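Right, one structure below, let's go through it.
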Amino acid sequence: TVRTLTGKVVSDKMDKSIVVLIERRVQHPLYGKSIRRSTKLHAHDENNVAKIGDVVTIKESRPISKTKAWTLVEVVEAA
Amino acid sequence: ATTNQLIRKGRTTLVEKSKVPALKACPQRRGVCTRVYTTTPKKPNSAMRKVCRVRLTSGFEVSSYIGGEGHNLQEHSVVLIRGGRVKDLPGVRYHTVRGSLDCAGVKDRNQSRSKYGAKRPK
Amino acid sequence: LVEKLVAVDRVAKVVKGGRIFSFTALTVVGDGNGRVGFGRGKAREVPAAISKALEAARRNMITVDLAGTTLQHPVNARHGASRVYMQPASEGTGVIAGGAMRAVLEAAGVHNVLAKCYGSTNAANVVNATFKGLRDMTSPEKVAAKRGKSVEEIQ
Amino acid sequence: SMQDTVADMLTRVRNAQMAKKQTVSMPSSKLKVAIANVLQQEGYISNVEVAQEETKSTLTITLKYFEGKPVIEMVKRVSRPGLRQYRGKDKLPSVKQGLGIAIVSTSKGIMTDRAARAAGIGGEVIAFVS
Amino acid sequence: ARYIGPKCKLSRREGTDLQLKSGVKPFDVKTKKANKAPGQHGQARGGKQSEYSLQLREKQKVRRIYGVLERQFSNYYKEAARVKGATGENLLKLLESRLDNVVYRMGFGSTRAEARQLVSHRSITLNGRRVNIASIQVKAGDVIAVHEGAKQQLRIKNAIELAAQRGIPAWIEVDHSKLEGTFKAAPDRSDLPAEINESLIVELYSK
Amino acid sequence: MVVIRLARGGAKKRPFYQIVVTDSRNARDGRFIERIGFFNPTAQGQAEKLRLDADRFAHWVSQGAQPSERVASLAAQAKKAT
RNA sequence: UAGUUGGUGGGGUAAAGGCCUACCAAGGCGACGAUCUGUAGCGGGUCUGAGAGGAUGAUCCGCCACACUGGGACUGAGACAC
RNA sequence: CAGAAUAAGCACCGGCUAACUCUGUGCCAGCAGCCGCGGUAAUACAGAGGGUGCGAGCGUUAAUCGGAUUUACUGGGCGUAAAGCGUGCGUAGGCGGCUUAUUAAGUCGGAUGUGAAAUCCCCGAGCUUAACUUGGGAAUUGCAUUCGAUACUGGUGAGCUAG
């Protein structure tokens, strides 16, 4: 009942914060070829469990800081 | 082109320029007659054709043909100009409206009167 | 037998001390029920050229299988730099085509069709392309015969 | 290098038909065999055979000629590696107003556009044959 | 606006009788200049025409009998193309459904101009109401009667006796004693004269 | 507050009202919440004169919507008729 | 890009929040176009076109912004108020 | 109640494009959207007669799309017409051999919610008809959530040898 996204971590320097890269595949509106797009989302990770390279799940939540509105749920795969 | 080439760079369209820049997308313009005179046609035509250099409210100075036989225009007259080229006269891209502001309608004309601006004879 | 004259043009040949003028004529003949042909003729005078073109058209003829008064399926054809597209239409549409295609289609007996030219609009080349397309159009019975099936199987 | 084996197979069939051969052979794959089976079922070709030496597999197809012309007059690849084409159940293409067949790969296997519309599913459009 | 002026040159240009006169005298005795165009450069009927000339000349003939102008005729075509059926058949049905034409064919007017004048001067009633628009479309099962003040008109009695010479059509039944008539349905193409070609109009307006 | 009132449409001298539930601060012929019927003061022939959805009317009144005088009279007349 | 990106204590708001403040750390964005620069109110819709598209945003409806030009706050349920 | 009594113009007639002759002038006066007319017989200039097309309107100018497959996704080209970098290597990217197990991201299907009203289209209703107004539908080709399918593409594990 809560919006979730699955991605891979690309940064862990910040305290209690991780940057995860989301990727999606869509068709070009005119030429019809399938294109891949990427989005970088800041998430909240209280215990710094995540690291660069793991596959994580995040869920939508209320704002925590200026740029963070998502929170970590679980780590699917480890690096 | 390939699909990848089209995605990276799409098709490009070239803009079109108007043939009557001095009108500035208006049906007619008003001007003050700066120089009335006559010119000679390009080959293979020979005549003496009446034109006038006019300064418009658009900030441009152009040349305009005078249609019909017999006109009363002179220096500093106020005239209305429309679009239309004269073809055999190079550089004349506009026409003067007959009988609008200071120009008068042609005389002794009974056909095509709405052009040249002649009223119905009594 | 309905006959149409598509175009007449005047041509010239240069000799010493002047030019020789001649006339060419392109004509299309048909029966209105699936037999149509076209031809060209050259002469010194227009009526003679028309007569020769009509004779050539009568000699060069083919048979076209129609679906009632319209085409079996969409057709794309070409000859040289002229390309033609033809599409079947429902009743009451009429013949929506250019003059060169209109002559051939009406002579062959098509009543409802939509057609379009691309590329060059030379009359002889357009007539050639339309003629080729009408010649090469196929039919469900022929398809079933070639595939070893039944008409209802083919659908 | 070679990057479209299905297109290669269709090109081989087209060239063999234009040169008037009796049989055509190629390296085999399950997708190619599945397409050849649909062609044989629809009646454009006669026989499909697969041979295995040790690990190489050879696929052989027997061609059909009726009157003077070949049975397959047109075969076009629609989906290609540089542009994949997917269609819904209501936008499946029709070939020659139903006189030809469009080969469609759906979640229930490879079939024609007619069978795909009958089953109410869509998929990938491989080729047009007529 | 309605056309006013000479009718015999109008008919002479098209080459066929347009029924613009009462008919007490035949057309040939009426004009004596048939198969001659009105102009001084007028020639015989055999003059060659282009297809564009033929389509235009047919549409003008169709317009001239009914007295309809270009705007209304184009609207009629655009409505007939929308309605399902044969476009020419629909157009003929629309043209024959106008109130003035029904009044003329019912025999209360010697000519369509007379019928138009009678309708416009409020001398006709439709379903019990006095109307004054010539282009009102008449529907199936209608009743057209002559108004009380309109009755006892010598022009009307002459019109009915003249109509007696022709044949009252199938879709219209008239009690001439009561000056009353009943439109039942739109004529099919067979009832109308077959010399009219509508295909030319069709491609002329579908260009 | 929330009101049930008439919004005008139609042609000059021939008004035709929609019955709408809306916030009172909105313009007469503008934003509204829900349309629940119509009123035609000059209906003739086969044309209906007043359609009103009684259940929606009651539901909105139960939540504190205030009908105008004309709408209340129309609702009473419709209830009388049916 | 240096309140800049994140964290802790405190302040502040009807309310989450660098919204503000004192420290701690060096992060944050960018060839999937950051920064700079030109132009522009947005949509339902309208015109054209076989369609795909192209042009457009008067009159009607929804949202936004402005009120001689800039900076503020008061009263009030609600304004930074033609 | 009165009495036809109060009420028709504009463009055009060489071709493209329906509609032709005579007078006046002689590369002059002039016309002209393109091709082009006029330098003593002008169907092309001006007038007149005649005619054609529209009609309370008729013509001109300006602007947008179309015709234009003339930016080509549908739907174009590169030997000589415009167009293959002077030739390699290589980064990002695009694409990629065969078999098998699994996943369900792409892809396909169902259900639910939403996609305001007006506008477009259909069947009706009220205006003497029509414009116009209006009832009910259809449509809004989209988005989101959730449940399913596994042929193809992608991910992961294993295996093979024609590259």
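Away from RNA strand G (no atom under 16 Å from the Cβ), surrounded by 14 or more Cβ atoms within 10 Å (Cβ to Cβ) and either part of a helix (DSSP H, G or I) or outside the structural domain of residue D:121 (by CATH) (or both): is that true of residue D:40 in this structure? Let's see the steps before the verdict.
Working: away from RNA strand G (no atom under 16 Å from the Cβ): yes; surrounded by 14 or more Cβ atoms within 10 Å (Cβ to Cβ): yes; either part of a helix (DSSP H, G or I) or outside the structural domain of residue D:121 (by CATH) (or both): yes.
It is true that residue D:40 is away from RNA strand G (no atom under 16 Å from the Cβ), surrounded by 14 or more Cβ atoms within 10 Å (Cβ to Cβ) and either part of a helix (DSSP H, G or I) or outside the structural domain of residue D:121 (by CATH) (or both).
Per-residue answers, yes or no, for (1) outside any loop (DSSP other than H, G, I, E, B); (2) more than 13 Å from every other protein chain (Cβ to nearest Cβ); (3) under 15 Å from the mean Cα position of the chain (by Cα):
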residue	(1), (2), (3)
D:93	no, no, no
D:105	yes, yes, yes
D:110	yes, yes, yes
D:118	yes, no, no
D:121	no, yes, no
D:127	yes, yes, yes
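Okay, residues lined up against (1) within 23 Å of the chain's Cα centre (by Cα); (2) surrounded by 16 or more Cβ atoms within 10 Å (Cβ to Cβ); (3) not assigned by CATH to the domain that holds residue C:99:
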{"residue": "C:7", "(1), (2), (3)": "yes, yes, yes"}
{"residue": "C:11", "(1), (2), (3)": "no, no, yes"}
{"residue": "C:19", "(1), (2), (3)": "no, no, yes"}
{"residue": "C:34", "(1), (2), (3)": "yes, no, yes"}
{"residue": "C:42", "(1), (2), (3)": "yes, no, yes"}
{"residue": "C:47", "(1), (2), (3)": "yes, no, yes"}
Of (1) over 30 Å from residue B:4 (Cα atoms); (2) of a type in the set (A, V, I, L, M, F, W, C); (3) away from chain C (no Cβ under 14 Å), residue D:99 fails just (3)
Output the residues belonging to segment B:3-28 that are surrounded by 10 or more Cβ atoms within 10 Å (Cβ to Cβ) and more than 33 Å from the chain's Cα centre (by Cα). B:3, B:4, B:6, B:7, B:10
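Could you please find all residues in segment E:102-117 being in a helix (DSSP H, G or I), touching a residue at least 12 places away in the same chain (Cβ under 8 Å) and surrounded by fewer than 22 Cβ atoms within 10 Å (Cβ to Cβ)? Steps first, answer last, please.
Within segment E:102-117, the first condition is being in a helix (DSSP H, G or I), and the residues that meet it are E:102-105, E:112-117.
Adding the requirement that they be touching a residue at least 12 places away in the same chain (Cβ under 8 Å) leaves E:102-103, E:105, E:112-116.
Answer for segment E:102-117, where residues must be in a helix (DSSP H, G or I), touching a residue at least 12 places away in the same chain (Cβ under 8 Å) and surrounded by fewer than 22 Cβ atoms within 10 Å (Cβ to Cβ): E:112, E:113, E:114, E:116.
Could you run through segment E:173-186 and say how many residues are in contact with a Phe, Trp or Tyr (Cβ under 6 Å, 6 or more places away or on another chain) and not small (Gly, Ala, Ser)? Outline the logic, then answer.
Initially, segment E:173-186 is screened for residues in contact with a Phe, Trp or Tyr (Cβ under 6 Å, 6 or more places away or on another chain), giving E:184-185.
Still in the list and also not small (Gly, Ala, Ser): E:184.
The total comes to 1.
Looking only at residues in segment D:44-84 that are assigned to a loop (DSSP other than H, G, I, E, B), loosely packed, with under 13 Cβ neighbours inside 10 Å and not aliphatic (A, V, I, L, M), which one is nearest to the other protein chains (Cβ to nearest Cβ)? Please lay out each step first, then the result.
Initially, segment D:44-84 is screened for residues assigned to a loop (DSSP other than H, G, I, E, B), giving D:44, D:53-56, D:64, D:67-68, D:71-74, D:78-79, D:81-82, D:84.
Next cut, loosely packed, with under 13 Cβ neighbours inside 10 Å only: D:53-56, D:67-68, D:74, D:81-82.
Subset that is not aliphatic (A, V, I, L, M): D:53-56, D:67-68, D:81-82.
Values: D:53: 33, D:54: 37, D:55: 34, D:56: 32, D:67: 8, D:68: 11, D:81: 11, D:82: 6 Å.
That would be D:82.
For segment E:189-207, what are the residues that are assigned to a loop (DSSP other than H, G, I, E, B) and not small (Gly, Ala, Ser)? Explain how you work it out, then say what you get.
First, the residues of segment E:189-207 that are assigned to a loop (DSSP other than H, G, I, E, B): E:189-198, E:207.
Once the filter is applied, which keeps residues that are assigned to a loop (DSSP other than H, G, I, E, B) and not small (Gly, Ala, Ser), segment E:189-207 yields E:189, E:191, E:192, E:193, E:195, E:196, E:197, E:198, E:207.
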Matching residues in segment F:8-30 (within 13 Å of RNA strand G (Cβ to nearest atom) and part of a loop (DSSP other than H, G, I, E, B)) number 7
Cβ-Cβ distance below 7 Å, separation of 6 or more or different chains: which pairs start in segment F:27-46 with a residue that is of a type in the set (S, T, N, Q) and end on one that is within 8 Å of RNA strand H (Cβ to nearest atom) and in a strand (DSSP E or B)? F:40/F:16; F:42/F:14
May I ask you to list the residues in segment A:46-55 that are surrounded by 11 or more Cβ atoms within 10 Å (Cβ to Cβ) and away from RNA strand H (no atom under 11 Å from the Cβ)? A:48, A:49, A:50, A:51, A:52, A:53, A:54
So which of C:103, C:145, C:124 ends up being in contact (Cβ under 8 Å) with a residue 60 or more places away in the chain, part of a helix (DSSP H, G or I), within 13 Å of another protein chain (Cβ to nearest Cβ) and not charged (D, E, K, R)? C:103
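I'd like the full set of residues that are in a loop (DSSP other than H, G, I, E, B) and either surrounded by 14 or more Cβ atoms within 10 Å (Cβ to Cβ) or not small (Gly, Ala, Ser) (or both), limited to segment E:1-21.
Just the residues of segment E:1-21 that are in a loop (DSSP other than H, G, I, E, B), to begin with: E:1-7, E:15-21.
Matches in segment E:1-21: E:2, E:3, E:4, E:6, E:7, E:15, E:16, E:17, E:18, E:19, E:20, E:21.
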Quick one: in segment F:31-76, of everything that is within 16 Å of residue F:1 (Cα to Cα) and in a loop (DSSP other than H, G, I, E, B), which residue is nearest to the chain's Cα centre (by Cα)? F:68
Which ones in segment B:55-85 are touching a residue at least 40 places away in the same chain (Cβ under 8 Å), surrounded by fewer than 19 Cβ atoms within 10 Å (Cβ to Cβ) and among the β-branched types (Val, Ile, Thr)? B:78
What are the pairs with Cβ atoms under 7 angstrom where one residue, in segment A:16-37, is free of Cβ contacts under 8 Å to residues at least 60 places away in the same chain and more than 24 Å from residue A:54 (Cα to Cα) and the other, located anywhere, is near RNA strand G (Cβ under 7 Å from one of its atoms) and assigned to a strand (DSSP E or B)? Sequence gap at least six, or different chains. A:26/A:37
What residue, among those in segment A:17-34 that are surrounded by 13 or more Cβ atoms within 10 Å (Cβ to Cβ) and near RNA strand G (Cβ under 8 Å from one of its atoms), is farthest from residue D:124 (Cα to Cα)? A:17
For segment A:16-45, enumerate the residues that are away from chain B (no Cβ under 11 Å), aliphatic (A, V, I, L, M) and within 10 Å of RNA strand H (Cβ to nearest atom). A:26
In segment F:21-55, how many residues are more than 9 Å from RNA strand H (Cβ to nearest atom) and buried (at least 16 other Cβ atoms within 10 Å of the Cβ)? 6
I'd like the residue in segment E:66-111 that is among the acidic types (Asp, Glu) and near RNA strand H (Cβ under 9 Å from one of its atoms) and, out of all such residues, is nearest to the other protein chains (Cβ to nearest Cβ). E:79
Restricted to segment C:68-89 and to residues being in contact (Cβ under 8 Å) with a residue 60 or more places away in the chain and of a type in the set (A, V, I, L, M, F, W, C), the residue surrounded by the fewest Cβ atoms within 10 Å (Cβ to Cβ) is C:75
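What is reported rests on the model, the rules as stated and the sources as named; nothing here is a laboratory result. Cβ: placed from backbone, ideal geometry, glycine included. Neighbour counts: every protein chain shown.
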